[PDB]
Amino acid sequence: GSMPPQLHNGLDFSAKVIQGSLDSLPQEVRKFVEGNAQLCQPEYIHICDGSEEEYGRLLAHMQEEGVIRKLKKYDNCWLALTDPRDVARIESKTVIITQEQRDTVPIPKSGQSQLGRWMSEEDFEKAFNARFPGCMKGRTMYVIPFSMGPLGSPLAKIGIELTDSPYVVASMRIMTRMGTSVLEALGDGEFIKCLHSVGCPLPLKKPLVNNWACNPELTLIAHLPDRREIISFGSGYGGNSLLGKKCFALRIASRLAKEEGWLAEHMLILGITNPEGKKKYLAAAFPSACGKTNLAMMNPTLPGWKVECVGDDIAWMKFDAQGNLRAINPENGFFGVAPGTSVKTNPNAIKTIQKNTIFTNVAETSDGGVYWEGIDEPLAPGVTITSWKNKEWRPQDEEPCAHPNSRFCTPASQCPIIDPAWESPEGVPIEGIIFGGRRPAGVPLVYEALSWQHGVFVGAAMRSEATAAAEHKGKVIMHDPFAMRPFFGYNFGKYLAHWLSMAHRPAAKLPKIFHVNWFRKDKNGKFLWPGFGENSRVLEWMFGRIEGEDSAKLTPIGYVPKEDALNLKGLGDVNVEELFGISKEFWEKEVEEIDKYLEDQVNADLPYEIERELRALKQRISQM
C-alpha cells in the first residue's frame, strides 16, 4: 500500500516492520494495519507469512518467555497454562453493534434477552476508547492474513487479524489457512477486519499470572457487521481471541448468510458409509461441549460402518442449483475439549493430537506427556503430574488435573479419517440434520421430525444442561436453539424465518431432521446409553430412514424407532423402555416451558409457522 501523507514522521509505520512490507500489502490491508498501529502503538509489526520457519521460531520464543512449554513425549506439541480468570468464552461480555437493537435480538417481553447482547455504536465507541489506545505499547502487533475455507476456493472468506498474542498467531495457523498465500488470493478484495489485544500494554500495570496476559475486567468481544469489523479486548482464550472461528464464521457469517441465501451454523459435518457401500453426509448441531467432535470423528462399533470427518464445529451450507444442500467446513483444524478424550471414547482424536498440537490448560506428566480427567491411561509408577494450575497433583486431590474447558488445537489434515472431500469447493451434500443436547430426563434417545416446519421448531425448542464452554455454572437446563444461542449474528426470529424459507426454494431437497439425546440418566444419575462409538446404532437408524425404510412409529413428539428397529446386539443390558419412554406429564411441562420461552424471548418476531408447531405439539400431547 502507499505511504500515508505526512507532515512529520508519525503515520508511516514502515520503520517498525520486523517481517514483511507495508508496501507489498494491498492498499486497504495497509490502511487497516497502519491505522490500528497508530491507535494501539505497538513497538513492532510482524506481517505473518505462515511459514514453518516462522511458526518454529515463534513457539521457541514463547518457550523462552515461559508462555508455553514443549511436551517432550510428543512430536512438536506444546502446552499453555492460562490465568484462571481467562479459561473460556464469556457470553455476557460478547456483543453485537447495530443501529437498531431489534436487528440483533428480538425485543424480549421480560426486558432481558437470552438470545444475544446488543450495544449501541455510541456506547461501543466509549468502550473502545477506554481500552485500545496505547494497548500494544512495548509489544509486537502480528498481522495474520487468514482464509476461512481452502486457499483460493471461490467460497473461502478472507480476514486479517491483528493481535499482540503469539499464542493467537500459532493457534490461528492451525485453525485457519494462514500466511502470504492468503494475501495473494485476497488482492484488492474485501476482507473481515479483526482486531485483538490481550489488553496489557508494557510496562505491566497489573500482575501477570502464569505468564498469561489478559485483562478480565475490561474483557469485551464486539462485532460490528455493517463495518465488517470484529474487535476483541482482554481475553487470550479460544473463541474470544481466535477471531475467524466463532466471531467471523458464526456471528458475522450467519448475518451475511441471511442476506445472501445460505447458512452458517454450529454444526459438525460427517460422512457415514454403510455395509451396503452407500455413503451419506450428515450435519449435527449440539451445544458447546455436547458431543459434536466425538460424533464427527466417531469410531463406529457396528461392523461394516465407517465414519469420516469433514468438520467438527462450524458448517457453511447452501442449496445448489440442483437443490442439494451442500456444506463446507470453513476451519482448518479442531479446537477440541480435552477431558473425556481417550482411546475408548475418541481414538481418532487420540491419533490426531500426538503431533503438531497445542494443548491449553491440561496437566503435564513428568515424562513430558499430557493428562486429563477421563484419559483412561494408567501411568507408570514414578511418573508424576503437574496440574493445569502448575502445581503437583495426585489422583486423590479435591480438584481436576485439567481445566474442564481445557482444549487441544490440532490440524484437521492429521485426522486419520478426515474425509477425502473435506477441502472440496463444491462442499458435500447433506441428507440429514441432527439436533440434540444434554437432557438427563424425559427426552428419548432419538426421534425424527414430522416435517420441515416441525424440524425447525425442534431446533428452536432445544434445551441442554450448561457446560464449561462459557461462564454458566451448575447443571441448569438452558435454552440453546439450534446450538446457536451464543452465536446468532442477528435477530433469532428472523433466523427462524430464514430456515423456514428453505422449504420454498426451487427443487430443494430438504434433509431429514432428527433430534437425539445421548445424556438421558436413570434414577441414580447413570447414563442410560453408552454413547460414543455406540451412537453408530442411532446413525444406522437415521440412514435407513433417509433411504425410506419402514422402521418408524409415530408418537406425539415425532417418529421413533419401531420395537426391534435399532441394532442393540452387544448392548443387551440397555433399558429400552426407560431410554425410549415418552411421558405425558413430562411433555406437558415441556411444551408449557417452550411456549413461555418463545413468547417472552422471540415475541413479535416469532414466525407464525413456529407458533403453529407449538400449538400442534401441545395438541398431540393433550391427546395422550
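Residue numbers here begin at 1 and follow the sequence given. In this text, the rigid core denotes the largest set of C-alpha atoms whose superposition between the two forms falls within 1.5 Å.
In 8 other deposited structures of this protein, superposed on the rigid core, which stretch sits farther off in Cα RMS terms, 491 to 499 or 154 to 162?
Higher average C-alpha offset in 8 other deposited structures of this protein goes to 154 to 162.
Overlaying the structures in 8 other deposited structures of this protein on the rigid core, point out which of 107 to 115 and 383 to 391 has the bigger RMS C-alpha shift.
Evaluated in 8 other deposited structures of this protein, the stretch farther from the shown form is 107 to 115.
Out of 164 to 172 and 354 to 362, which stretch has the higher average CA B-factor listed in the record?
That would be 354 to 362.
Tell me which stretch, 517 to 525 or 333 to 341, has the higher mean Cα B-factor listed in the entry.
Comparing 333 to 341 with 517 to 525, the higher mean C-alpha B-factor belongs to 517 to 525.
Whose CA atom has the top B-factor in the entry, of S14, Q19, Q601, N9?
Going by the entry's C-alpha B-factors, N9 comes out highest.
Please work out which residue in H46, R30, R69, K596 has the highest C-alpha B-factor recorded for this crystal structure.
It is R69.
Split into thirds by Cα B-factor across the chain's modelled residues, where does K280 land: lowest, middle or highest?
Lowest third of the chain for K280's C-alpha B-factor.
Name the third of the chain's ranked CA B-factors that contains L606, choosing lowest, middle or highest.
It falls in the middle third of the chain.
Going by the CA temperature factor in the PDB record, which third of the chain does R394 belong to: lowest, middle or highest?
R394: CA B-factor falls in the highest third of its chain.
According to the PDB entry, is the CA B factor of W587 in the bottom, middle or top third of its chain, that is, lowest, middle or highest?
It belongs to the middle third of the chain when residues are ordered by C-alpha B-factor.
Please say which third, lowest, middle or highest, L614 falls into when its CA temperature factor is compared across its chain.
Middle third, going by the recorded CA B-factors of the chain.
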